[PDB]
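Methodologically, a virtual Cβ is constructed for each residue, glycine included, from the backbone with ideal geometry; neighbour enumeration extends over all protein chains shown. Any read-out appearing in this document is the output of simple, stated calculations on the displayed coordinates, not a laboratory observation.
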Amino acid sequence: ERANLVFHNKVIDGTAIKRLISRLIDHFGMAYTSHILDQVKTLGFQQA
Amino acid sequence: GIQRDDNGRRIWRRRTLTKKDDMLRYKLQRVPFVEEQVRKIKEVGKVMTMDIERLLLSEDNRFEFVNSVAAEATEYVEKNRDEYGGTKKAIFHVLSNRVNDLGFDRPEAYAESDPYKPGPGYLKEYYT
Amino acid sequence: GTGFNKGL
Amino acid sequence: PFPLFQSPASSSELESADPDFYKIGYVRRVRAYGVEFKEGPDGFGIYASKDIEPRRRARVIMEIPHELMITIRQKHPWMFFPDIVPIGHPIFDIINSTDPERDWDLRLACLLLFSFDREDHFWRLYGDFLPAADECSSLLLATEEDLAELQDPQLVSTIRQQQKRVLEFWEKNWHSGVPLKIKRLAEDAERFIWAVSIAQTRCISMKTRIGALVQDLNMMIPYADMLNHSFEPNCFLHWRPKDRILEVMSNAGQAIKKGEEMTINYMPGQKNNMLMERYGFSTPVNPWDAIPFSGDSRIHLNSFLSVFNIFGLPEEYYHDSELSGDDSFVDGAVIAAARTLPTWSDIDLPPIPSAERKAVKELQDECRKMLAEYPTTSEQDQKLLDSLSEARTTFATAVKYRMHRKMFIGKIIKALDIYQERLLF
Amino acid sequence: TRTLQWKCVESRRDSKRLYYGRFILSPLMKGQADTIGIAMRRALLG
Amino acid sequence: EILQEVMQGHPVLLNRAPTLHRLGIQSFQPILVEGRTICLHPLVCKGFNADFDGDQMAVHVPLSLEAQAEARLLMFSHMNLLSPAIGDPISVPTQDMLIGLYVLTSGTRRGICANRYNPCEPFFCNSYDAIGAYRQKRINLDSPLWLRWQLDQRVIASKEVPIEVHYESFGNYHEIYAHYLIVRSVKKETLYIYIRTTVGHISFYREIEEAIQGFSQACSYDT
Amino acid sequence: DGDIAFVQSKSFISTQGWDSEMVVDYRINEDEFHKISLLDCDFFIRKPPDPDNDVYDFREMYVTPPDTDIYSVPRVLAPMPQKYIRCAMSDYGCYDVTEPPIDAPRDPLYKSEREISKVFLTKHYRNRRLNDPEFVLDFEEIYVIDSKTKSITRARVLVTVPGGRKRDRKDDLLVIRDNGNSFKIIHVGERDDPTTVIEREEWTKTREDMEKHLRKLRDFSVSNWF
Amino acid sequence: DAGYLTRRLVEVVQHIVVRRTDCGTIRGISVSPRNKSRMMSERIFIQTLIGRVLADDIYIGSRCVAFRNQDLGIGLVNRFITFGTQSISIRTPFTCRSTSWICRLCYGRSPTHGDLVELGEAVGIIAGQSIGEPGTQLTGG
Amino acid sequence: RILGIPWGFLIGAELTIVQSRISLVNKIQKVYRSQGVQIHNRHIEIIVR
Ligand SMILES: Nc1ncnc2c1ncn2[C@@H]1O[C@H](CSCC[C@H](N)C(=O)O)[C@@H](O)[C@H]1O
Ligand SMILES: [Zn+2]
């Protein structure tokens, strides 16, 4: 099932990512966001 | 209401979606490249994490839930002392059973083996 | 927490 | 025994539902586990896709998110959850100008018509799977031809009383001076009658906790109304408050076989006249159907209860299957006889078989009279239905209601017959 | 004790234009598995 | 081997002696690791304020089955993501994790920073080709590209009228927005959408979408 | 040529030459009118019967706030036609993709809605039907329905295609620009790439911003651009 | 200094635990959005009303938009601002009919779990740490 | 002195209590909001209570 996210196109920063985590928790729950954080952590570390 | 043809069989109007749903075409697709993620999640143990929350969704107080789990886990170990010591844990068996009670399928106590383990003396070193 | 009431 | 050697490759009236029916809900976080929707001449229905092996606790069958439903408080003030009516919308004045206890159906009909007009509302899609004016079995849509055939002055008077109440409400609130946003909801009087019929035949009252607030809501849950009614249901409705999900859960420790229909009890205990008035259907196995009877003659119900393996208090009358072995005769219909029949009982006083035998025929002597009161017989009506090929569905239900009542009289005649002879042993 | 052998552990075909396959190579001495995996990935992609 | 299976499923409590927050003590699932040092997750090292110029933690193993129950079900990091002070996330990416994401979403150079002179790009049918082309060094991370968008309008851009509408005489008209191109028609209702973006935005969007799908498939309640 | 059948109805009430900011007491039959829904107003244009809903009658038009019954008279700013014409209706606006607050569970992460600020009615050449093999849009006659002013006008269109009124319409390419105010007809072979259109607008904006940023330096007057 | 302040803060409320569902109070702190914006920002005014349990019904004309003992979300709070109501009474620890404990409704919605607080939560100690933890975080004229 | 014995102290003390409650929370929130620290009023009202 396709997830109805929002295609962030401009930029993400400390405040932008913090809002996204807040919205992901309030929509998918902490179990989903805990996995999303790990994928985000790997993506951020890899591209850095 | 009731309508039948010459043969006597009943003919009814097949209720079908007359209009068109936009979200129908935007959600039936599935991503093809999550084989490594789903394998990692099961191996790590995050599959129980979702199950733990799922049980809490139908619960009223999370402090009563853990007390009930601990009480049932103590009951399990008393009956079968020589089962919940190693690869199987008493608490994990309770969580797996409670998910299976809802009608879903999980491995017993979420226990997983290592199919690629070469020998008995070889233990999987973790790449820190 | 878990000690509220007596666990029952 | 190899799969290649084995060559695997009835119920024709039931066909699998349109895949879009589940898909339009599936995209809205609606999950049905182990069940599938099938449709037929009678209507929709949920049938198990596999054997449901019983577990320690109830098994989840279906989940419906709150945002897909239409909910209104049963008690004033009328607050709508998943709020769809905008502030200042004229439809709220129509809703607020209703009887607080008699017009619950009208307030749901206004929301139902309002939801169909809204473009973003889910019910504008789910409304296509609702039965039409002719397909709906509600007696509110029936005319005098079906009502006269119903053969029940009390039930007909109530139905015709509701028709006047609903029609006059439309006349008051859908005159020529209404705004177009209100007029387009009910372009003609007939549509509003259909809206009330859906509201009456599909409302599910339930006490739900939404956030920190607990209240009684006249809900309009989709995919859950499709569950048919049975006084011995195999599943029930449970409201999960943390995620605002309505769970359909099969009874704990009960096995459901492949293809078995999943049913819930719309009402705890009611007579067929109430079901016809509300939902427009009747069940011959209703354990609450009554019949007027003279109190002069009575029997020992304890003997009557035991001979059919009926146990428990009258509030919890039920039949034991394994004790009876097969006993194809006993059903929910004879359980109602244990209540509606005049009976006597002392602490432990045994009955007199001859006196009961003197009274069983006397009891059955009266029982033949009510069947003679109705000009048609139980088999005559069902034979007519098979011969009938072009008529309104409310006509069939009216036939069924009098047929079920006649059989209910016919069932107890046999019930007293077997009871009388079995009393000797 | 063992010799360097390979085997396909997973193989899925959940499309007509999407095939999946997982392969194991073992035993490998320290540092060789990374070299083989890096070069094979470059060969597979381009 | 016995120790490896014993720790499996038995949570332990990690405590920072100069305790700072409620997260100063927390429960993790231990895994036997090489070396003589305690490896710790980078995200939780911010909840512990665990600087890596020197730090030593005290670890306690719950013994009673009740203690092991509440350690796993109340103190695990996957159930404590919001700080009770105001209700804000605590495991927000920081340091080079935030730098890497910032670089990904730092899109194309625009205007005078992209062209030397006043003007006065590849089209990808799906995001997989855009990622694949990036792997094959065909395009850069910040190089602009057009992505054929099959979903609905989803990108967050400033609500502005199209920069320019190319209305063909046969009924097809293209609407050039600041960030996407929409091809509508009068005869038909095709509604073709092409998003002007980079691989970085696609990679970031795909990472979130794959994480959700990967978690859903692993926790397959449908079966 | 190809004039549409000038039929007459019974409810036809001509609104031409009426005050703009005044309402009409009576209520119109929406079935007889084209319903144009915009962000700030709902626009009604008389709809003569036709196999396809392409014929417009600008003799009587009404403007109302969105989903309201109190009709009014639009601020006509151009000589609207007195004959039935076939107009291709294409909206002009923006997508308001927003992130609503999440309070209820499973609330949408985003809310994508399209806001219409102007609507363009492009007359079919010789009132030819869409199904006609010789169909082509006559870009000379374009009418703009502005939501903000609740007014309808005629597009000021500049024709740059060589050939004059006798040119071949198949090579025309209307270029709407400047918030739906500048209409220019160019040859299809001169179409700008969508990448060029975006870069051209970005280059102009950033160049002006860079100059203002550098203007505050005290050696700006003795510096070059490059 | 902050560490010393934490010990005093947690001690005064170490005994406060959510022990009852609804204490049955009727008095609620009344807040109005029209006399407040003159001093503080509107954004923080939302946070004061987020997670609160309404102590009385709120009406807009004959329309009822919120009920007693109903949790306040961003959707309800934004509705109040748009339609300019002023008689907003909410349940706060000030309105609870106790000082050795606090009920779920009077406290409100737990920030961590996004739902009504659960019985037995050591909510006093949480409040103490929520204030002491930011302790280590606290010209042109 | 304006009100009687059973209500001179009843609402008089309440006025001091209520006025102090709103005053105390404002001053405490003034420090934290100035320093860019976001703390819900619940954690402060419990202390003030
Ligand atoms: N047990 C039962 N026996 C007969 N009809 C039933 C029934 N339960 C429900 N119905 C029918 O369904 C109506 C209630 S709404 C239930 C949905 C309906 N069964 C459908 O197929 O769409 C009743 O008015 C009656 O017509
Ligand atoms: Zn209280």
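Name the residues in segment D:242-256 that are touching a strand residue (DSSP E or B) at 6+ places or on another chain (Cβ under 7 Å) and in a loop (DSSP other than H, G, I, E, B), would you?
Scanning segment D:242-256 gives D:244, D:251, D:255.
Which one is farthest from the other protein chains (Cβ to nearest Cβ), of the residues in segment F:19-35 that are polar (S, T, N, Q) and in a loop (DSSP other than H, G, I, E, B)?
Step one: filter segment F:19-35 for residues polar (S, T, N, Q), giving F:19, F:26-27, F:29.
Then drop every residue that is not in a loop (DSSP other than H, G, I, E, B), which leaves F:19, F:29.
Working: F:19: 10, F:29: 7 Å.
Applying the filter and picking the extreme gives F:19.
Is it fair to say residue D:252 is within 14 Å of another protein chain (Cβ to nearest Cβ) and either under 19 Å from residue D:233 (Cα atoms) or within 16 Å of ligand 2 (Cβ to nearest atom) (or both)?
Yes, satisfied.
Within the set of pairs 6 or more residues apart or between chains, which connect a residue that is within 21 Å of residue H:76 (Cα to Cα) inside segment H:87-113 to a residue that is of a type in the set (S, T, N, Q) and more than 8 Å from ligand 2 (Cβ to nearest atom) with Cβ atoms less than 6 Å apart?
Listed by first residue and then by second, the contacts come to H:89/H:30; H:104/H:21; H:105/H:69.
Is segment B:47-54 home to any residue that is more than 30 Å from residue F:66 (Cβ to Cβ), at the interface with another protein chain (Cβ under 7 Å from one of its Cβ atoms) and touching a strand residue (DSSP E or B) at 6+ places or on another chain (Cβ under 8 Å)?
no
Would you be able to say whether some residue in segment F:122-133 is within 12 Å of chain G (Cβ to nearest Cβ) and under 25 Å from residue F:175 (Cα atoms)? Talk me through it step by step, then tell me what you get.
So the first thing to find is which residues in segment F:122-133 are within 12 Å of chain G (Cβ to nearest Cβ), and the list is F:122-123.
Subset that is under 25 Å from residue F:175 (Cα atoms): F:122-123.
Yes, segment F:122-133 contains at least one residue that is within 12 Å of chain G (Cβ to nearest Cβ) and under 25 Å from residue F:175 (Cα atoms).
Taking the residues in segment H:81-99 that are in contact with a strand residue (DSSP E or B) (Cβ under 9 Å, 6 or more places away or on another chain) and of a type in the set (S, T, N, Q) as candidates, determine which candidate is farthest from ligand 1 (Cβ to nearest atom).
H:98
Looking only at segment D:214-226, which residues are of a type in the set (A, V, I, L, M, F, W, C), more than 7 Å from ligand 1 (Cβ to nearest atom) and away from chain H (no Cβ under 14 Å)?
D:219, D:220, D:221, D:224
Go through segment D:128-241 and tell me which strands (runs of 3 or more DSSP E), entirely inside it, have 2 or more residues that are within 23 Å of residue D:266 (Cβ to Cβ) and of a type in the set (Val, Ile, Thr). Break it down stepwise before answering.
Details: elements: D:204-210, D:213-219, D:235-240.
The strands (runs of 3 or more DSSP E) meeting that bar are D:204-210.
So, of the residues in segment F:104-120 that are in a helix (DSSP H, G or I) and over 10 Å from residue F:201 (Cα atoms), which turns out to be farthest from the other protein chains (Cβ to nearest Cβ)?
F:113
Among the residues of segment F:53-63, is any farther than 24 Å from residue H:128 by Cα and of a type in the set (D, E, K, R)?
Among the residues of segment F:53-63, at least one is farther than 24 Å from residue H:128 by Cα and of a type in the set (D, E, K, R), which makes the answer yes.
Please report, ordered by residue number, the strands (runs of 3 or more DSSP E) entirely within segment G:105-183 with at least 1 residues that are among the aliphatic types (A, V, I, L, M) and within 18 Å of residue G:77 (Cα to Cα).
In segment G:105-183, G:114-124, G:137-146, G:151-154, G:157-159 are the strands (runs of 3 or more DSSP E) which contain 1 or more residues that are among the aliphatic types (A, V, I, L, M) and within 18 Å of residue G:77 (Cα to Cα).
I'm trying to understand the selection: among the residues of segment H:113-141, which are hydrophobic (A, V, I, L, M, F, W, C), within 14 Å of chain C (Cβ to nearest Cβ) and over 26 Å from residue H:7 (Cβ atoms)?
Within segment H:113-141, just H:119 meets the criteria.
When you look at residue H:110, is it more than 7 Å from every other protein chain (Cβ to nearest Cβ) and under 24 Å from residue I:48 (Cα atoms), yes or no? Steps first, answer last, please.
Details: more than 7 Å from every other protein chain (Cβ to nearest Cβ): yes; under 24 Å from residue I:48 (Cα atoms): yes.
For residue H:110, the condition - more than 7 Å from every other protein chain (Cβ to nearest Cβ) and under 24 Å from residue I:48 (Cα atoms) - is met.
List every residue pair whose Cβ atoms sit under 6 Å apart, with the two residues 6 or more apart in sequence or on different chains, where the first one lies in segment I:5-22 and is within 18 Å of residue H:29 (Cα to Cα) and the second, anywhere, is surrounded by 12 or more Cβ atoms within 10 Å (Cβ to Cβ) and of a type outside the set (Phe, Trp, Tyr).
Filtered contacts from segment I:5-22: I:21/I:48.
Scan segment H:95-107 residue by residue and report those that are within 14 Å of chain C (Cβ to nearest Cβ) and buried (at least 21 other Cβ atoms within 10 Å of the Cβ).
H:102, H:103, H:104
Scanning segment H:15-35 for residues that are of a type in the set (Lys, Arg) and more than 11 Å from every other protein chain (Cβ to nearest Cβ), which turns out nearest to ligand 1 (Cβ to nearest atom)?
We begin by selecting, within segment H:15-35, every residue of a type in the set (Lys, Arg); these are H:19-20, H:27, H:34.
If we keep only those that are more than 11 Å from every other protein chain (Cβ to nearest Cβ) too, we end up with H:20, H:34.
Details: H:20: 41, H:34: 49 Å.
Per the stated criteria, the residue is H:20.
Can you name the number of the only condition in (1) within 19 Å of residue I:22 (Cα to Cα); (2) hydrophobic (A, V, I, L, M, F, W, C); (3) surrounded by 20 or more Cβ atoms within 10 Å (Cβ to Cβ) that residue H:45 fails?
(3)
Do any helices (runs of 4 or more DSSP H) entirely within segment D:267-361 hold 2 or more residues that are farther than 30 Å from residue D:194 by Cβ, and if so, which?
So the answer is D:301-307, D:321-324, D:332-340.
Consider residue D:394 carefully, then state whether it is farther than 14 Å from residue D:415 by Cβ, within 16 Å of ligand 1 (Cβ to nearest atom) and within 30 Å of the chain's Cα centre (by Cα).
For residue D:394, the condition - farther than 14 Å from residue D:415 by Cβ, within 16 Å of ligand 1 (Cβ to nearest atom) and within 30 Å of the chain's Cα centre (by Cα) - is met.
Being within 15 Å of ligand 1 (Cβ to nearest atom) and under 19 Å from residue D:248 (Cα atoms) is the filter here; which residues of segment D:192-208 pass it?
Once the filter is applied, which keeps residues that are within 15 Å of ligand 1 (Cβ to nearest atom) and under 19 Å from residue D:248 (Cα atoms), segment D:192-208 yields D:201, D:202, D:203, D:204, D:205.
Taking the condition surrounded by fewer than 18 Cβ atoms within 10 Å (Cβ to Cβ), of a type in the set (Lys, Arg), within 7 Å of another protein chain (Cβ to nearest Cβ) and over 25 Å from residue D:27 (Cα atoms), does residue B:42 pass? Even if it seems obvious, please write down each step before you answer.
Details: surrounded by fewer than 18 Cβ atoms within 10 Å (Cβ to Cβ): yes; of a type in the set (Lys, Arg): yes; within 7 Å of another protein chain (Cβ to nearest Cβ): yes; over 25 Å from residue D:27 (Cα atoms): yes.
Taking the combined requirement at face value, the residue satisfies it.
Any residue in segment F:158-170 that is surrounded by fewer than 18 Cβ atoms within 10 Å (Cβ to Cβ) and touching a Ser or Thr at 6+ places or on another chain (Cβ under 8 Å)?
no
With respect to the numbered conditions (1) surrounded by 20 or more Cβ atoms within 10 Å (Cβ to Cβ); (2) aliphatic (A, V, I, L, M); (3) within 22 Å of the chain's Cα centre (by Cα), which one is the sole condition not fulfilled by residue D:274?
(1)
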